[PDB]
Amino acid sequence: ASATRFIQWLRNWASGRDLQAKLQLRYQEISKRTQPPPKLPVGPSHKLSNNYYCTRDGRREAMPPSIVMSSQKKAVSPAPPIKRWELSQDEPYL
Amino acid sequence: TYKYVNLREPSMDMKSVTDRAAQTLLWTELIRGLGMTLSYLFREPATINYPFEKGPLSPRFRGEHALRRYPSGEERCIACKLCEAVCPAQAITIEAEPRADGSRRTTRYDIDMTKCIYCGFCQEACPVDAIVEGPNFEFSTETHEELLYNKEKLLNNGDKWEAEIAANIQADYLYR
Amino acid sequence: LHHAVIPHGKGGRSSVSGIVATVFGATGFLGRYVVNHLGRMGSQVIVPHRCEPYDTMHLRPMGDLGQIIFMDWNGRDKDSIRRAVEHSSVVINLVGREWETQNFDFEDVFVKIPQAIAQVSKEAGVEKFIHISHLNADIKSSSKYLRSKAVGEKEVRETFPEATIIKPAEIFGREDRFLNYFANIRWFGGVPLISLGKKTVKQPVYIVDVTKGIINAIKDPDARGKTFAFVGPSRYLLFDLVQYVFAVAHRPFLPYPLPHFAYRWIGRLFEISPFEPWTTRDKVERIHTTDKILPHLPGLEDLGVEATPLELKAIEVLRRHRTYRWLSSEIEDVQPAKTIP
Amino acid sequence: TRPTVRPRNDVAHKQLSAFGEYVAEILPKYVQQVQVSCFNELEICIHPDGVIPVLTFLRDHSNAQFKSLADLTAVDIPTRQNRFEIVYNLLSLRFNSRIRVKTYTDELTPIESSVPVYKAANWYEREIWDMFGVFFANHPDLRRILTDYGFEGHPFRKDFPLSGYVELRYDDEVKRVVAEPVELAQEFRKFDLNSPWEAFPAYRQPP
Amino acid sequence: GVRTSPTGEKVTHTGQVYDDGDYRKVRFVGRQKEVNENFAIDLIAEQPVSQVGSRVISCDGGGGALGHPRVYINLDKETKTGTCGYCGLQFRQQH
Amino acid sequence: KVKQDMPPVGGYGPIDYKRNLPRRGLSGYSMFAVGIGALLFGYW
Amino acid sequence: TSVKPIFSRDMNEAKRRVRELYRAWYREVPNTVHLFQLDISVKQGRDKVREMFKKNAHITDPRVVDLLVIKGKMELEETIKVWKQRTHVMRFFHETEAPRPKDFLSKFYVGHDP
Amino acid sequence: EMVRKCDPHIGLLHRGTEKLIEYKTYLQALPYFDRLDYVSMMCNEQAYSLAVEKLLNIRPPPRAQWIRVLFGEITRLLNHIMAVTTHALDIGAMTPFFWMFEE
Amino acid sequence: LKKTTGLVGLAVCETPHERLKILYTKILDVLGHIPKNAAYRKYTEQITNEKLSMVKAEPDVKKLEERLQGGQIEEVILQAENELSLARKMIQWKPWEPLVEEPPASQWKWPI
Amino acid sequence: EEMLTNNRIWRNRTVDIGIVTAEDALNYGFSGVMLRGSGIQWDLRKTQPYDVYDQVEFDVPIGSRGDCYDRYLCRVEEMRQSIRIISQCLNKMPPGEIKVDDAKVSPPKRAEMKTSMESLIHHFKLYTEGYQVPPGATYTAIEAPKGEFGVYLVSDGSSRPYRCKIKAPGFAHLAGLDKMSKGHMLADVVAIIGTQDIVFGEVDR
Amino acid sequence: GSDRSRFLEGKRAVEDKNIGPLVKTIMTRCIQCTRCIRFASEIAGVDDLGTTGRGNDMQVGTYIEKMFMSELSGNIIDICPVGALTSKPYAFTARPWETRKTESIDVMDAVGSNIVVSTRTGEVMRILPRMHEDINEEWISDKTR
Amino acid sequence: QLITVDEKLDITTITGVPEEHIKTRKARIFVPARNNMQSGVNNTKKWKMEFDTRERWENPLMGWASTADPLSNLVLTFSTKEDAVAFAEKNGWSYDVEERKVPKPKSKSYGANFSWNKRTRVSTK
Ligand SMILES: CCCCCCCCCCCCCCCCCC(=O)OC[C@H](COP(=O)(O)OCCN)OC(=O)CCCCCCCCCCCCCCCCC
Ligand SMILES: NC(=O)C1=CN([C@@H]2O[C@H](COP(=O)(O)OP(=O)(O)OC[C@H]3O[C@@H](n4cnc5c(N)ncnc54)[C@H](OP(=O)(O)O)[C@@H]3O)[C@@H](O)[C@H]2O)C=CC1
Ligand code: SF4
Ligand code: SF4
Ligand code: SF4
Ligand code: SF4
Ligand SMILES: [K+]
Ligand SMILES: [Zn+2]
């Protein structure tokens, strides 16, 4: 930020860019190092009623694997064939 | 969506061909690269003047450990051993007994700072804010034995650093 | 035994051997092996040092955490001696120098200093005391080094009657000034030997044998008050030994006889060096002193150490003295020197 | 859609089940069990003799096309007479699907090297040999890969101790690094953590 | 407080001190024994007993959620004071 | 009320990411012409 | 009792693999001592090789013998290609380890280990 | 200088991470994943977290999922700067390393 | 005609329709030696005939690629070559045969 | 890019160096840029998305020559796409809690831990025993910066994993170094090591 | 149980009671299960423990000041499900997860009670009973304990 | 093709264990007794194998518990006694097996608390 005008011009010309608009050294646009305290929200299970744990218990819904075949009609694939990707409309070629 | 990084066909009009001949013979794209390093020569360097200047840190920084007290001066640690149980490195060793006044207090509280991974789990686990990682990171030593902290060292750290530690906890305890 | 010195563990790095040893002269050739062997088994070692702390760094890996403790000391200051010994159970004295300096002469290092360590150790209640003398120590010796070894040996026994005194021959090993000394002569062309080395007989002893003998003396209750002579298993003529040295190193050997008076003049020349003299008159004398035969003293066999033949270990010392052409020659490529029967 | 519970994808469970019995129908000589977990992962448990036929079929068959071997590992279960379970995790880019193939072996029984099917399997099998001691037959170059030269034992076995049997230090007398029996200044502290109360009734084993 | 043994070695708040003839005190020679001088057992005793008007009082150590878990202390015995098991503050019920 | 780190009401301003290597320099003809011009002056 | 073999179908076939490995180790010792510049003699190196083969003389399972030979070949390959360093070669000689006497009394004096 | 064969010998940084994890709780094992690809720390944490969340049959809240993607892509920037600049440094171009390591 | 398939090492095929017809017809011939009731034969004939139908009835490469859903037509040719290689290998393995051996009692029980 | 991308010296060191074909890359177990540099259209963030990757827009860079230069271009463009994703994450960041509101898995807030009996119990148990995980095994992978990073995680129902195999993308990549270096000089092997983007913390574990 | 609390009131607090030097009582932790009362009456044959008051103020104890010094008294530490009754000698010295359990035999008498010796870092920390139906069931004597 | 091997399984030479920790060790095969402090029985389901306890000593520096026993923390879990015994035999460990102790079935009767003429009448509830 403290460079003289001629030096700013010289390095702007050498790099071909306007380097003063996006300096890599941080000045005063960064946040203050002291902030007001937060007040964080609570989660969906913070309730006084209609909140029995047995209705929101993910672990107790896990089940042992389904046995499809054990040693005790059209062909299928594991899933449908993957759809072909489309070219980017933002910038297809770099 | 995808894009091609390198799938382009150079044009073959005489101007473009000569433009490339000048590039090959006059080194124009190599000269261009010299321009970039020249611009950096005249940019102010990013170097800070350590130890007179310090890199920025935040209240959450995990540094040297310390055992804390209540405002009365009593130790916060009540030898629950939660920090010892959670320590991923098994860096904490604790023994405890009833104090002469009956209090539940430690007789051993060691942290092997060469085992510790400075993960902060111990201070998350502590129910009374007894064990913390303070903001000090400048405590390298000349011997290995100097990094095997016992309770006296850790309490001295707390007394040494409590002014900063309390302010750091004040800034961040509402995110915890 | 105080409960802190009861042995525990299986004799490894993290064990407790129960030995608390103060080793004076631990920063030298013999000390590095003694400190290594103590630290191997989990002993507490106090290393009082006069030198720059940089020159004690090789000792640091030798013990588990907290098992090597370094202290500053001065051979003239008796307080500095007291602080380094008053917690120890054994004191080992390896202080010595092969040349005199402006500040310390043979009397200082082989009489005054060893006597002070023994006196302070006795006053401090130290139980065991091991003192290294020399096989060829003799009051009637042309070598002032050996004359002082005789005086100090008598003083230690009188000050600390229960001391174990060890009298080794010349000791050979990687960092010795024996095999390395002869091998380094090559830099002057031929090898000058008084009377062509035919009138001297040496019985050199391996460094690890001396170290194991020192360690077994600490643990042996019978070693208290005794005097041992640590000698190698074979005697050689000096000429044969030096010829063997040059054969192992594959260096050209040109021995020529030099009279005693001419060698002394050469010795005085090298003494002018203000650093570590390459040789001295006294060094020339000791190298040409025949190694005494002392059948009445106990030896390495009496401490459970089987002496290592020089033939099995010379290459370990002398390989670095060869040129590239001969670096890889094996141990069996050189025939042993004639051993006196 | 309870916010804290992982949602169920029933379409995938149906699709993977259908393909599960599709593989069982085609390779009955080797397939012993097929299962799909509650998070939609299909596992094929086969006799070890079928490692090459099953993996070749999954790679090459036009309705499978599992061209990438994502991972090949082993698990040690000492209570089984065949203590080592060998696990192949495969990926199909054509069908955007994954499949796990599992077989078994013991300390003295070789498994066929699957390098001819997946060149990726070369180093994975060296790791399994190194860490578990499972020998792979016809491996182009089977040797330790992770452990130290001359290391004795197979550390990832459940009965190999955590800190091993030997440790290293530099010894000044022999002027080299030496190996000696392991002694720890502080023994690792074994914690007994399991609660004595059952957690998941759905997985209770019959008495 | 911090006492010294007859050898001069400070006694810690845990009562530790090497006895004479313990070689391990050599580790302090030329250096020092780190001892914290603020004994918590002495500091807490200095706090005054708090008089309250109820049979049960709660303690969280002070500072809200920066103290310890909130506990309730019964003050029915007049033969002694209620003590917080976390921080050691004492309470008494007045008349 | 709830206070936590959030974006500003309207969002953040646009952020460049696409490659930008500006086009600079004279054409091949002009550059060669200057080179030959210097050479001819040197020879003369 | 019907199991898949590793290499050898029986102990007679296995013992042939052992002998070939012993020859390979026996021939290599002079090279190992020279290349690694060891301070042991070829006799010591070959005695050690014999000691390592002797400790497994009681095996009667062809699969176990086959695995011992496979590891022996791997160990030999590490040595011949100087993947091993001098420290690895010398680990067979346990030079820095002090003798642990095997008599009852000697163990009794030093600790509780049987 | 023609390369006739490459034989990468690894294990010089093998630290038995996978055996050590068997002695840890799921929380205690999490920091081991920071130290695997120690340039992509938070991406490694995420992979382990997704695996445990899958076996647990629980779902992380939407804000955490957005923070994870945000810091996953910041981590991807960290990795690619290291990947490209050290790659260029090995090939002899030392200056991009310094410009980009300030970022 | 395509200039490139986009996948490194996959050359563009000049005559993909005829090449596909050769390969699928070869695949069907090899399946003839597999037992009729083997599931590998029944399934592979079914899906192989579907692809052969689509190649015959669609002359445009791009429109054919869309129907096949196998990526580039060169990718589809490679898959046909892979399937043909598998069919030959299946003849020696004979995986349609009954299970060679049951596992021990609790080989697949988890948790132990 | 001004320093490298069109620099002829850079191109000479990277163009047509370490060419790997799309077929070999798949069979050798490659992933990430090591696949896309050779034209394979694959990215787990697109095909098997996790977290909220299905809600952000970005492009996957694809190579054409399968050499070091194309893999360098892919990584540079991937950085630009990362910035593009970061922009959306900043704008679309929602409010709410940041760990699952289920105190048998995620520890309670410290203020709850110090007031509520249930929260103190769960905090105590989570930091000592830890949460139990229902028995099972999963292979889970993400599009890590170096490629596909996965864990094969085996639970036995207790609070400690029974087995944890880590799948490091660099493990398979480094195993292909000998294949990729064929016909190249020593200084090309230096380039090829860098193009694989290897970190031995993950290769060795 | 559930994973959170909706109790927004103040808690009950109960005074502690001395019942000897072996069992420490922190009775605010008592959950009024009456296991101790039943054990004292039925196993130890001692009718000193009981409940006083009623409702939420019901208190387990001896009403008067009395020590529960039976040769089997220490067993109420085991059967108390909470930390209301704990061992005074063991107080604060260890946590359960860190102890190693050695299954052994008591030698304080000739009954041969089966015990578990809890140790930590090379030190014996406490003695617990070990179920043997044909010997000590799940009890030990105070001398054993 | 399968071969016939009729010997007992003994992998002691290929497991890499030092000799002192095969022949000098004593494995204990048992079902852990219930922790008497708790009523839950879920830690009494499986069989365990543990080894004899060896010396621990105080570290001179810190007072920590040092050991030279590499098997000090090694614990193996088995579904049945037979599985544990087979594992011990093939590894060459001498072992002691202890029978699983199952709680005896009991006759519980709430009504006995109020017996007309028996001693089971309780004096308090
Ligand atoms: C009147 C009739 C007149 C007749 C006479 C007319 C003569 C003039 C017209 C002839 C053409 C003039 C230009 C000749 C200069 C030499 C050009 C040259 O050799 O460049 C080619 C060389 C190879 O480039 P490359 O693309 O890799 O390969 C080509 C395809 N095989 O490219 C390179 O050399 C690359 C070099 C890489 C290393 C560069 C590192 C330094 C770069 C910065 C230096 C800047 C130059 C400063 C010079 C200072 C002079 C004191
Ligand atoms: N061939 C041999 O080596 C034989 C040796 N001995 C005796 O063994 C003992 C040690 O042998 P070696 O170790 O080879 O001798 P070194 O010279 O190799 O080591 C001598 C030690 O004494 C210390 N020392 C010397 N002078 C002084 C002094 N003035 N004040 C304080 N410390 C001093 C040195 O410390 P610094 O490093 O600080 O100088 C060094 O640690 C000596 O007594 C020697 O005479 C006996 C028979 C043969
Ligand atoms: S920071 Fe982590 S490793 Fe260090 S003591 Fe605390 S819990 Fe243990
Ligand atoms: S968690 Fe806190 S109170 Fe508990 S032992 Fe550790 S430091 Fe002390
Ligand atoms: S056993 Fe414990 S919880 Fe139950 S009534 Fe007695 S003191 Fe209260
Ligand atoms: S450990 Fe159990 S008895 Fe003690 S306070 Fe916690 S819940 Fe209550
Ligand atoms: K209790
Ligand atoms: Zn309080």
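Calculation rules
- Residues numbered from 1 in each chain as written, not as in the entry; some residues may be left out.
- Chains lettered and ligands numbered in written order.
- Part of a larger assembly, values for the part shown.
- Heavy atoms only, no water.
- UniProt positions renumbered as here; feature names shortened; annotations may be inferred.
- Helix = DSSP H or I, 4+ residues; strand = E, 2+ residues; numbered from the N terminus.
- Rg over C-alpha atoms; globule rule 2.2 N^0.38 Å.
- Buried < 20%, exposed > 50% of the residue type's maximum accessible area, 1.4 Å probe, protein only.
- Contact = heavy atoms within 4.5 Å.
- Donors = N, O, S within 2.8 Å, 3.2 Å for Na, K, Ca; no water.
- Tetrahedral: all angles 85-135°; square planar, octahedral: opposite > 155°, others 65-115°.
- Near = heavy atom within 4 Å.
- Polar contact = N/O pair within 3.5 Å; in protein donor to acceptor, adjacent residues only side chain to side chain.
- Areas by Shrake-Rupley, 256 points an atom, 1.4 Å probe, with all protein chains shown as cover.
- Nonpolar A, V, L, I, M, F, W, Y, C, P; charged D, E, K, R; others polar.
- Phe/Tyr/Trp six-rings, centres within 6.5 Å; stacked < 30°, edge-to-face > 60°.
- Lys NZ or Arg CZ within 6 Å of the ring centre and 35° of its normal.
- Buried area = accessible area lost by both parts, 1.4 Å probe.
- Salt bridge = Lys/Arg side-chain N within 4 Å of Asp/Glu carboxyl O.
- Core = buried A, V, L, I, M, F, W, Y, C linked by side-chain atoms within 4.5 Å.
- Patch = residues over 30% accessible without salt bridge, like charges linked within 9 Å, V, L, I, M, F, W, Y side chains within 5 Å.
- Axes fitted to C-alpha atoms, helices over the stretch in contact; angles between N-to-C directions.
- Parallel < 35°, antiparallel > 145°, perpendicular 65-115°, else oblique.
- Left-handed = near helix turned anticlockwise from the far one by under 90°.
- Pairing = 2+ DSSP bridges.
- 1 Å grid on protein atoms, 1.4 Å probe; cavity = no way out; pocket = protein on both sides within 12 Å on 5 of 7 lines; lining within 4 Å.
- Points joined across faces, edges and corners; volume = space filled by probe spheres on them.

Structure determination for this entry, per the PDB record, employed cryo-EM and reached 2.3 Å resolution.

In its Function section, the UniProt entry covering chain E states "Accessory subunit of the mitochondrial membrane respiratory chain NADH dehydrogenase (Complex I), that is believed not to be involved in catalysis. Complex I functions in the transfer of electrons from NADH to the respiratory chain. The immediate electron acceptor for the enzyme is believed to be ubiquinone." Annotation of chain E in UniProt includes, under Subcellular location, the sentence "Mitochondrion inner membrane".

Its UniProt record gives chain C the following Subcellular location comment, quoted word for word: "Mitochondrion matrix". Taken directly from UniProt, the Sequence similarities text for chain C runs: "Belongs to the complex I NDUFA9 subunit family."

Within chain E one finds one helix and five strands. Counting from the amino terminus, chain E carries its helices and strands in the arrangement α-β-β-β-β-β. For 95 residues, the compact-globule estimate of 2.2 N^0.38 gives 12 Å, and the C-alpha radius of gyration of chain E, at 20 Å, exceeds that figure by more than 25%. If one aligns the C-alpha atoms of chain E with their principal axes, the spans along those axes are about 55 × 30 × 15 Å. Looking at chain E residue by residue over its 95 residues, the buried ones come to 38%. A separation threshold of at least 6 residues defines the contact pool for chain E, and within that pool the share at least 24 residues apart is 32%.

Now for the coordination of the potassium ion (ligand 7). Coordination of the potassium ion (ligand 7) by the protein involves K:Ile77 (O), K:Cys80 (O) and K:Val82 (O), with metal-donor separations of 2.6 to 2.8 Å. If you list the donors of the potassium ion (ligand 7) from N- to C-terminus, the spacing comes out as I-x2-C-x1-V.

Residue and element names in this part refer to chain L. Among the residues of helix α2 (residues 81-91), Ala 84, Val 85, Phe 87, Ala 88, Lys 90 and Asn 91 are the ones counted as buried. Looking at the buried side of α2, the elements it contacts are α1 (20-23), β2 (26-30), β3 (47-51), β6 (76-78) and β7 (94-97). Immediately downstream of α2, the backbone of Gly 92 shows phi near 85°, a positive value.

This brings us to the coordination of the zinc ion (ligand 8). Residues and elements named next belong to chain E. Within the protein, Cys 59 (SG), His 68 (NE2), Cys 84 (SG) and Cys 87 (SG) serve as the donor atoms for the zinc ion (ligand 8), at 2.0 to 2.4 Å. Note that the zinc ion (ligand 8) binds four donor atoms; their angles at the metal cover 102 to 122°, and the shape is tetrahedral. Each donor residue of the zinc ion (ligand 8) lies on one chain, and together they are spaced C-x8-H-x15-C-x2-C. A residue pair is termed long-range when its members are at least 10 positions apart, and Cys 59 in strand β2 (residues 56-59) and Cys 84 in the loop between β4 (82-83) and β5 (90-93) qualify at 25 residues. Residue classification places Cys 59 among the buried positions, given a relative accessible area of 5%. By relative accessible area, which is 3% here, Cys 84 ends up buried.

Moving on: the site of ligand 2. Residue and element names in this part refer to chain C. Near ligand 2 there are 25 residues, and of these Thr 27, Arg 50, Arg 97, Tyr 145 and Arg 177 occur at the shortest range. Within the backbone of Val 95, a nitrogen or oxygen atom sits 3.0 Å from an oxygen atom of ligand 2. Protein coverage of the free-state accessible area of ligand 2, which is 880 Å², stands at 92%. Elements represented by at least two residues in the shell around ligand 2 include exactly α1 (29-40), α3 (106-123) and α4 (144-159). Along the lines of polarity and charge, the residues of the shell around ligand 2 split into 14 nonpolar, six polar and five charged.

Scanning the model with the defined rule gives 57 aromatic pairs over all chains in all. Note on C:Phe29 and C:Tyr33: the rings are 5.8 Å apart at their centroids and 90° apart in plane angle, and the pair reads as edge-to-face. A residue pair is termed a helical-turn pair when its members lie 3 or 4 positions apart in one helix, as C:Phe29 and C:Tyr33 do in helix α1 at four residues. When its relative accessible area of 3% is taken as the criterion, C:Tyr33 is described as buried. Each ring, one from C:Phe228 and one from C:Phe230, has its centre 6.4 Å from the other, and the planes form 65°; the classification is edge-to-face. Both residues of the pair, C:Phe228 and C:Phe230, belong to the buried class. The rings of A:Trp85, A:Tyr93, B:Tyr2 and B:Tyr4 are connected pair by pair, giving a single aromatic cluster. Geometry around B:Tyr149 places B:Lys153 over its ring, the cationic atom sitting 5.3 Å from the centre. Looking at F:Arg24, its charged tip hangs above the ring of A:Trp13, at a distance of 5.9 Å from the centre.

Taken together, the contact between chain H and chain J spans 69 residues of the former and 88 residues of the latter. Considering only the side of chain H, the residues that lose the most area to chain J are H:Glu18, H:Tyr26 and H:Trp66, jointly responsible for 13% of the buried surface there. Summed over the shared surface of chain H and chain J, the result is five salt bridges. In this structure, J:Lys146 engages H:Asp37 in a salt bridge whose closest nitrogen and oxygen atoms are separated by 3.3 Å. Looking at the side of chain H that touches chain J, the elements that each hand over two or more residues are α1 (17-21), α2 (26-29), α4 (41-56), α5 (62-90) and α6 (95-102) of chain H. The leading source of residues in the side of chain H that touches chain J is α5(H), at 22 residues.

Here we come to the site of ligand 4. Residues in contact with ligand 4 amount to 14 residues; listed here are only the nearest, B:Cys77, B:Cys80, B:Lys81, B:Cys83 and B:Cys126. Split into classes, the residues belonging to the shell around ligand 4 amount to 13 nonpolar, no polar and one charged.

Let us now look at the arrangement of the chains. Among 38 pairs of chains with at least one contact, chains H and J form the most extensive contact set. There is a clear gap between chain C and chain F: no contact, and 48 Å between their nearest C-alpha atoms. Separated throughout, chain F and chain I approach each other most closely at a C-alpha pair spaced 23 Å apart.

Below, the discussion takes up the environment of C:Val85. Tracing the chain through its elements places C:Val85 in helix α2 (residues 78-85). With 41 residues separating them along the chain, C:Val85 and C:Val126 place their C-alpha atoms 7.3 Å apart.

What follows deals with the nonpolar core. Nonpolar side chains in soluble globular proteins generally cluster together in the buried interior. D:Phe57, D:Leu58, D:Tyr88 and D:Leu90 are the most contacted members of the largest nonpolar core, which totals 115 residues. Ranked by the residues each element gives to this core, the list is headed by helix α4 (residues 73-93) of chain I, at nine residues. Once you skip the residues sitting within four places of it in the chain, D:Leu58 turns out to touch D:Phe19, D:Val23, D:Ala64, D:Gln65, D:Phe66, D:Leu90, D:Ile99 and D:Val101.

Here we come to the pattern of salt bridges. Close approach of charged atoms allows side chains of opposite charge to pair. Residue and element names in this part refer to chain I. For the structure shown, the criterion picks out 129 salt bridges over all chains. A salt bridge links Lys 2 to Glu 65; its shortest N-O distance comes to 3.2 Å. Highlighted residues: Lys 2 in the segment before α1 (16-31) and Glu 65 in helix α3 (residues 61-68), separated in sequence by 63 residues. Residue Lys 2 is classed as partly exposed on the basis of its relative accessible area of 24%. Taking relative accessible area as the criterion, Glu 65 reaches 7% and is therefore assigned buried.

So, about a nonpolar patch on the surface. Taken together, G:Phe104, G:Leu105, G:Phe108, G:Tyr109 and G:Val110 make up a surface patch of nonpolar side chains, about 640 Å² in accessible area. Residue classification places G:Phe108 among the exposed residues on the basis of a relative accessible area of 53%.

Residue and element names in this part refer to chain H. The geometry of α5 relative to α6 is characterised by a closest axis approach of 8 Å and an angle of 165° between their N-to-C directions. Overall, the two elements α5 and α6 adopt an arrangement that is roughly antiparallel. In the crossing of α5 with α6, the sense of the turn from one axis to the other is left-handed. Residues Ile 81, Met 82 and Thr 85 of α5 form the contact with α6, whose own contacting residues are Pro 96, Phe 97, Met 100 and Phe 101. Partitioning the contact of α5 with α6 into residue classes produces six nonpolar, one polar and no charged.

Here we take up the pairing of strand β3 (residues 68-76) of chain D. Residues and elements named next belong to chain D. Burial analysis of β3 places nine of its nine residues in the buried class, which makes it a mostly covered element. Relative to strand β4 (residues 84-92), β3 runs antiparallel, the two being bridged by eight bridges. Directly across from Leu 69, in β4, lies its bridge partner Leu 90.

Moving on, we come to the side chain of C:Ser121. Residues and elements named next belong to chain C. On the secondary structure map, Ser 121 appears in helix α3. For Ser 121, the side chain forms a polar contact with the main-chain oxygen of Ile 117, separated by 2.7 Å. Contact partners of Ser 121, with chain neighbours within four places excluded, come to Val 85, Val 91, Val 126, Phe 129 and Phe 160.

Its volume calculated, the largest cavity comes out at about 160 Å³. What lines the largest cavity is a set of 15 residues, and nearest its centre among them are D:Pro161, D:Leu162, D:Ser163, L:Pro70 and L:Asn73. Residue classes in the lining of the largest cavity are distributed as nine nonpolar, four polar and two charged.

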